[PDB]
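Step one of this worksheet: look at the structure below.
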Amino acid sequence: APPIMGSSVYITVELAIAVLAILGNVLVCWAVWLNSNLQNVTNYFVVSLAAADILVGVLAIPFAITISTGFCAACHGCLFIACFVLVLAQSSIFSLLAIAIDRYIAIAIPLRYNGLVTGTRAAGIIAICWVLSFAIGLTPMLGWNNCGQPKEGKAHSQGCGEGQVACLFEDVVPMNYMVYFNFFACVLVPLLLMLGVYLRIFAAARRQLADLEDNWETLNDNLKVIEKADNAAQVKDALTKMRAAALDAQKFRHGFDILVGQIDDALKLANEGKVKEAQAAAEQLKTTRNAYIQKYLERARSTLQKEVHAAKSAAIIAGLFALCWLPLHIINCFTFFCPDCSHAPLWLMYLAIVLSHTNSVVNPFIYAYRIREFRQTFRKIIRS
Ligand SMILES: CC(C)CCC[C@@H](C)[C@H]1CC[C@H]2[C@@H]3CC=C4C[C@@H](O)CC[C@]4(C)[C@H]3CC[C@]12C
Ligand SMILES: CC(C)CCC[C@@H](C)[C@H]1CC[C@H]2[C@@H]3CC=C4C[C@@H](O)CC[C@]4(C)[C@H]3CC[C@]12C
Ligand SMILES: CC(C)CCC[C@@H](C)[C@H]1CC[C@H]2[C@@H]3CC=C4C[C@@H](O)CC[C@]4(C)[C@H]3CC[C@]12C
Ligand SMILES: CCn1c(=O)c2c(nc(/C=C/c3ccc(OC)c(O)c3)n2C)n(CC)c1=O
Ligand SMILES: CCCCCCCC/C=C/CCCCCCCC(=O)O
Ligand SMILES: CCCCCCCC/C=C\CCCCCCCC(=O)O
Ligand SMILES: CCCCCCCC/C=C\CCCCCCCC(=O)O
Ligand SMILES: CCCCCCCC/C=C\CCCCCCCC(=O)O
Ligand SMILES: CCCCCCCC/C=C\CCCCCCCC(=O)O
Ligand code: NA
């Protein structure tokens, strides 16, 4: 069948993806610009990620359509249009890794997050990562390319001029670059690092939630011990365990000041050997526990759960990047590692290419479905 027929389907799908990638990610950027509640370091990387996806629609997809025709081109110009998408993919990887690390910092040392992770430092990291993404993605332009061994028969068949080649991705970009350097080193390794960071995030959240419940039970258990104690040493022993837990859980303020003071009150009575007076003093702790401590427990738990939800949302974005890009990389591995295997058919090549491009569509939906502040800002932008 005439190649223009299957090409027309491929090109139409690519153009549809480009429109959606631009519209959704412009909406992401407009939301962050407009809503100061969305202006935080995490979302600056989200914006850098949306900018990469906008450029997939504006430049990488037009470049992909162009290179699918095999048109005659100077080889190094062909190389640029082949490799620019690698810059955008690499920038996306750096942004995704930064988001994971940012969420790990927020959960693991929340007391120093705002002093460690600042807007000015985020902007510098983003700038550095874009420079590194150009260097990584355009490495073939530095000489790791097949321009030295042009396919002259294909060039002559298409009437190409001197110094020109039929511009085809796999004719100019070396497959050892794509597999060993781009895929294994620059894509697979960062994704595996992201997985490790997310495991650390979720393990830290789970452990901290367990610590909240352990301290809550320790408070209530030791109150019961005092209640059914028959001597002052037992009351003193249990209160000493309560005091260290109360101060450790303090690490509002009034509630914990009352709690520790009332523990000290009962402890002084215990040490004077006045058991009944110490047991009555310790029962007062229940009023403080009900009015203050459980409210702190529930808010801390609610904050940790919100952090889990945000980390899950970020992990979905990273996982969808892997799901959308792995098929094309895996196909490249078959092309490279199995020269006895027939090349993946053209329709599958174009399916894998369009799938990688659909990743630039999906993030705005994840934010809309998973982040109320985005979803609410999206609605206000669309309605207004
Ligand atoms: C700021 C944005 C809009 C700039 C976009 C510039 C793009 C469209 C330009 C910059 C470099 C250009 C390439 C440079 C060299 C060649 C080799 C020639 O034999 C065919 C055209 C080709 C392949 C050009 C295509 C268009 C190109 C990719
Ligand atoms: C990332 C997740 C979704 C897994 C994706 C698996 C895909 C990329 C795998 C599964 C089966 C694979 C195919 C199995 C067999 C062949 C025949 C060979 O002559 C060319 C490669 C080709 C055509 C493979 C291409 C890649 C392939 C389609
Ligand atoms: C966690 C996972 C997704 C990491 C990536 C796995 C990749 C590197 C694996 C999954 C399946 C593998 C392929 C399975 C089969 C073959 C055919 C063989 O003749 C050459 C190697 C080759 C082509 C493998 C290359 C590496 C490969 C593509
Ligand atoms: C991730 C980086 N990357 C690639 O790796 C990639 C790729 N296109 C191809 C292969 C195209 C192709 C192969 C064989 C053909 O004829 C038999 C043919 O007509 C086209 N590949 C391998 N692109 C899209 C521009 C891309 O973005
Ligand atoms: C604000 C955007 C500024 C853009 C600066 C230029 C960006 C792209 C530049 C083109 C890459 C170099 C030319 C491509 C290869 C030339 C072909 C050849 O060498 O024969
Ligand atoms: C708003 C940004 C606009 C910039 C992108 C516009 C579309 C770019 C599409 C691909 C340019 C490369 C096509 C050049 C074909 C050359 C044909 C020939 O060799 O005679
Ligand atoms: C915001 C603007 C984005 C870009 C708009 C322009 C759309 C470009 C669409 C595809 C360009 C394909 C160029 C054709 C390649 C040359 C064909 C040939 O020489 O055989
Ligand atoms: C081809 C280049 C390869 C080397 C890449 C160099 C990496 C960074 C280059 C210049 C970075 C410019 C931005 C500096 C601001 C950083 C401040 C900060 O970290 O907060
Ligand atoms: C293949 C790509 C090779 C990259 C070479 C690495 C060189 C760049 C390394 C990291 C840049 C560190 C940023 C330092 C700039 C100033 C920092 C500061 O002032 O706080
Ligand atoms: Na992306």
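Here's how to read the names in the structure tokens: chain A, B, ... by the order shown, residue numbers from 1 in each chain, ligand numbers from 1 in the order shown.
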DSSP alpha helix (DSSP H) selection over segment 171-321 of chain A, as JSON, numbers by chain: {"A": [171, 172, 175, 176, 189, 190, 191, 192, 193, 194, 195, 196, 197, 198, 199, 200, 201, 202, 203, 204, 205, 206, 207, 208, 209, 210, 211, 212, 213, 214, 215, 216, 217, 218, 219, 220, 221, 222, 223, 224, 225, 226, 227, 232, 233, 234, 235, 236, 237, 238, 239, 240, 241, 242, 243, 244, 245, 246, 247, 248, 249, 250, 253, 254, 255, 256, 257, 258, 259, 260, 261, 262, 263, 264, 265, 266, 267, 268, 269, 270, 271, 275, 276, 277, 278, 279, 280, 281, 282, 283, 285, 286, 287, 288, 294, 295, 296, 297, 298, 299, 300, 301, 302, 303, 304, 305, 306, 307, 308, 309, 310, 311, 312, 313, 314, 315, 316, 317, 318, 319, 320, 321]}
Identify, on the basis of only C-alpha atoms, every residue whose closest approach to segment 274-276 of chain A does not exceed 10 Å; exclude the query and any residue fewer than 5 positions from it along the same chain; express the result as an MDAnalysis selection string. chainID A and resid 226:227 229:236 266:269 281:282
Can you write just those residues out, C-alpha atoms, as an mmCIF file, in the first residue's frame?
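See part-v1.cif below for the written result:
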```
data_model
loop_
_atom_site.group_PDB
_atom_site.id
_atom_site.type_symbol
_atom_site.label_atom_id
_atom_site.label_comp_id
_atom_site.auth_asym_id
_atom_site.auth_seq_id
_atom_site.Cartn_x
_atom_site.Cartn_y
_atom_site.Cartn_z
ATOM 1 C CA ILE A 226 -0.726 3.399 87.404
ATOM 2 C CA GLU A 227 -4.444 2.818 87.903
ATOM 3 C CA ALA A 229 -0.602 -0.164 90.817
ATOM 4 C CA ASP A 230 -0.309 -0.798 94.566
ATOM 5 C CA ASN A 231 2.973 1.013 95.251
ATOM 6 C CA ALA A 232 4.822 4.255 94.565
ATOM 7 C CA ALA A 233 7.765 2.663 92.755
ATOM 8 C CA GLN A 234 5.414 1.243 90.135
ATOM 9 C CA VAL A 235 3.723 4.619 89.625
ATOM 10 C CA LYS A 236 7.131 6.299 89.404
ATOM 11 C CA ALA A 266 2.550 12.866 89.904
ATOM 12 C CA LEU A 267 6.222 11.837 89.843
ATOM 13 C CA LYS A 268 7.123 14.104 92.765
ATOM 14 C CA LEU A 269 4.221 12.582 94.694
ATOM 15 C CA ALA A 281 -2.661 13.378 89.833
ATOM 16 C CA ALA A 282 -1.952 11.028 86.930
#
```
Would you mind listing what lies within 9 Å of residue 377 of chain A as a tab-separated table (two decimals) with C-alpha atoms, in the first residue's frame, with only C-alpha atoms counted and same-chain residues fewer than 6 positions away left out?
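Heads up, here's the output in result.tsv:
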```tsv
chain	number	residue	atom	x	y	z
A	31	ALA	CA	-2.38	27.17	37.21
A	32	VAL	CA	0.98	27.47	38.98
A	34	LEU	CA	-1.97	32.12	38.95
A	35	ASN	CA	-2.38	30.27	42.27
```
Who sits within 10 Å of residue 248 of chain A, only C-alpha atoms, same chain under 5 positions skipped, as a PyMOL selection string: chain A and resi 215+242-243
Name the residues in contact with residue 136 of chain A at a cut-off of 10 Å, using only C-alpha atoms, excluding same-chain residues fewer than 4 positions from it; report them as a PDB file with C-alpha atoms, in the first residue's frame.
```pdb
ATOM      1  CA  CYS A  83      18.063  13.808  18.980  1.00  0.00           C
ATOM      2  CA  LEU A  86      16.235  12.964  23.871  1.00  0.00           C
ATOM      3  CA  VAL A  87      16.896  16.367  25.452  1.00  0.00           C
ATOM      4  CA  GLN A  90      16.291  13.651  29.771  1.00  0.00           C
ATOM      5  CA  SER A  91      14.963  16.887  31.278  1.00  0.00           C
ATOM      6  CA  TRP A 130      18.404  21.541  31.300  1.00  0.00           C
ATOM      7  CA  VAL A 131      22.045  22.153  30.352  1.00  0.00           C
ATOM      8  CA  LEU A 132      22.895  18.549  31.246  1.00  0.00           C
ATOM      9  CA  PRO A 140      25.564  12.162  19.048  1.00  0.00           C
ATOM     10  CA  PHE A 181      24.265   5.353  26.958  1.00  0.00           C
ATOM     11  CA  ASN A 182      20.743   6.732  26.588  1.00  0.00           C
ATOM     12  CA  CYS A 186      20.586   7.864  31.402  1.00  0.00           C
TER      13      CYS A 186
END
```
Any chance you could tabulate, as JSON lines, the residues of chain A at most 9 Å from ligand 3 with each one's nearest atom pair and distance in Å to one decimal, using only C-alpha atoms and all ligand atoms, in chain and rising number order?
```
{"residue": "A:179", "atom": "CA", "partner": "ligand 3", "partner_atom_place_in_ligand_line": "8 (C)", "distance": 8.8}
{"residue": "A:183", "atom": "CA", "partner": "ligand 3", "partner_atom_place_in_ligand_line": "8 (C)", "distance": 8.6}
{"residue": "A:184", "atom": "CA", "partner": "ligand 3", "partner_atom_place_in_ligand_line": "8 (C)", "distance": 7.5}
{"residue": "A:188", "atom": "CA", "partner": "ligand 3", "partner_atom_place_in_ligand_line": "4 (C)", "distance": 6.9}
{"residue": "A:192", "atom": "CA", "partner": "ligand 3", "partner_atom_place_in_ligand_line": "1 (C)", "distance": 8.3}
{"residue": "A:322", "atom": "CA", "partner": "ligand 3", "partner_atom_place_in_ligand_line": "3 (C)", "distance": 8.2}
{"residue": "A:323", "atom": "CA", "partner": "ligand 3", "partner_atom_place_in_ligand_line": "3 (C)", "distance": 8.7}
{"residue": "A:326", "atom": "CA", "partner": "ligand 3", "partner_atom_place_in_ligand_line": "3 (C)", "distance": 6.8}
{"residue": "A:327", "atom": "CA", "partner": "ligand 3", "partner_atom_place_in_ligand_line": "28 (C)", "distance": 8.8}
{"residue": "A:329", "atom": "CA", "partner": "ligand 3", "partner_atom_place_in_ligand_line": "28 (C)", "distance": 7.5}
{"residue": "A:330", "atom": "CA", "partner": "ligand 3", "partner_atom_place_in_ligand_line": "28 (C)", "distance": 4.4}
{"residue": "A:331", "atom": "CA", "partner": "ligand 3", "partner_atom_place_in_ligand_line": "28 (C)", "distance": 7.1}
{"residue": "A:332", "atom": "CA", "partner": "ligand 3", "partner_atom_place_in_ligand_line": "28 (C)", "distance": 8.0}
{"residue": "A:333", "atom": "CA", "partner": "ligand 3", "partner_atom_place_in_ligand_line": "23 (C)", "distance": 4.8}
{"residue": "A:334", "atom": "CA", "partner": "ligand 3", "partner_atom_place_in_ligand_line": "23 (C)", "distance": 3.8}
{"residue": "A:335", "atom": "CA", "partner": "ligand 3", "partner_atom_place_in_ligand_line": "23 (C)", "distance": 7.3}
{"residue": "A:336", "atom": "CA", "partner": "ligand 3", "partner_atom_place_in_ligand_line": "23 (C)", "distance": 7.4}
{"residue": "A:337", "atom": "CA", "partner": "ligand 3", "partner_atom_place_in_ligand_line": "20 (C)", "distance": 4.6}
{"residue": "A:338", "atom": "CA", "partner": "ligand 3", "partner_atom_place_in_ligand_line": "19 (O)", "distance": 4.5}
{"residue": "A:339", "atom": "CA", "partner": "ligand 3", "partner_atom_place_in_ligand_line": "19 (O)", "distance": 8.0}
{"residue": "A:340", "atom": "CA", "partner": "ligand 3", "partner_atom_place_in_ligand_line": "19 (O)", "distance": 7.8}
{"residue": "A:341", "atom": "CA", "partner": "ligand 3", "partner_atom_place_in_ligand_line": "19 (O)", "distance": 7.4}
```
So, with only C-alpha atoms and all ligand atoms as the atoms that count, which of A:58, A:107, A:142, A:93 lies closest to ligand 1?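 Closest residue, counting only C-alpha atoms and all ligand atoms: A:58.
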Using only C-alpha atoms and all ligand atoms, which residues of the polymer chains come no farther than 8 Å from ligand 7? I'd like the answer as an MDAnalysis selection string. chainID A and resid 11 15 57:59 61:63 65:67 69:72
Can you write out the residues you just picked, keeping C-alpha atoms, as a PDB file, in the first residue's frame?
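Saved the output as result-v3.pdb:
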```pdb
ATOM      1  CA  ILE A  11       0.969  11.738  11.309  1.00  0.00           C
ATOM      2  CA  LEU A  15      -0.693  15.881  15.574  1.00  0.00           C
ATOM      3  CA  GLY A  57       4.158  19.020  21.103  1.00  0.00           C
ATOM      4  CA  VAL A  58       5.687  22.120  19.522  1.00  0.00           C
ATOM      5  CA  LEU A  59       9.034  20.671  18.378  1.00  0.00           C
ATOM      6  CA  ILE A  61       6.446  15.746  17.396  1.00  0.00           C
ATOM      7  CA  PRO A  62       6.950  17.939  14.288  1.00  0.00           C
ATOM      8  CA  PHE A  63      10.529  16.626  14.235  1.00  0.00           C
ATOM      9  CA  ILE A  65       6.815  13.540  11.653  1.00  0.00           C
ATOM     10  CA  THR A  66       9.610  15.031   9.546  1.00  0.00           C
ATOM     11  CA  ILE A  67      12.083  12.213  10.190  1.00  0.00           C
ATOM     12  CA  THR A  69       9.519  10.712   5.704  1.00  0.00           C
ATOM     13  CA  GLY A  70      13.204   9.940   5.122  1.00  0.00           C
ATOM     14  CA  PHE A  71      13.649  13.293   3.378  1.00  0.00           C
ATOM     15  CA  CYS A  72      17.063  14.312   2.066  1.00  0.00           C
TER      16      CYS A  72
END
```
Which is closer to ligand 8 than all the others in A:44, A:216, A:134, A:347, using only C-alpha atoms and all ligand atoms?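 Looking only at the distances to ligand 8, the closest residue turns out to be A:134.
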Can you list, as a count of residues only, every protein, DNA or RNA residue that comes within 9 Å of segment 294-310 of chain A when you count only C-alpha atoms, leaving out same-chain residues fewer than 6 positions away? 17
Could you check how far atom 1 (C, counted along the ligand's line) of ligand 4 sits from atom CA of residue 155 of chain A, in Å to one decimal? 23.6 Å
Surroundings of ligand 8 up to 10 Å, based on only C-alpha atoms and all ligand atoms, as number ranges by chain: A: 118-136, 138-139, 142
Counting only C-alpha atoms, what is within 10 Å of residue 162 of chain A, bar same-chain residues fewer than 4 positions away, as a list in words?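 The contact residues come out as residues 73, 74, 152, 155 and 156 of chain A.
Closest approach to residue 375 of chain A from the set A:16, A:173, A:38, A:75 is made by A:38, with distances taken over only C-alpha atoms.
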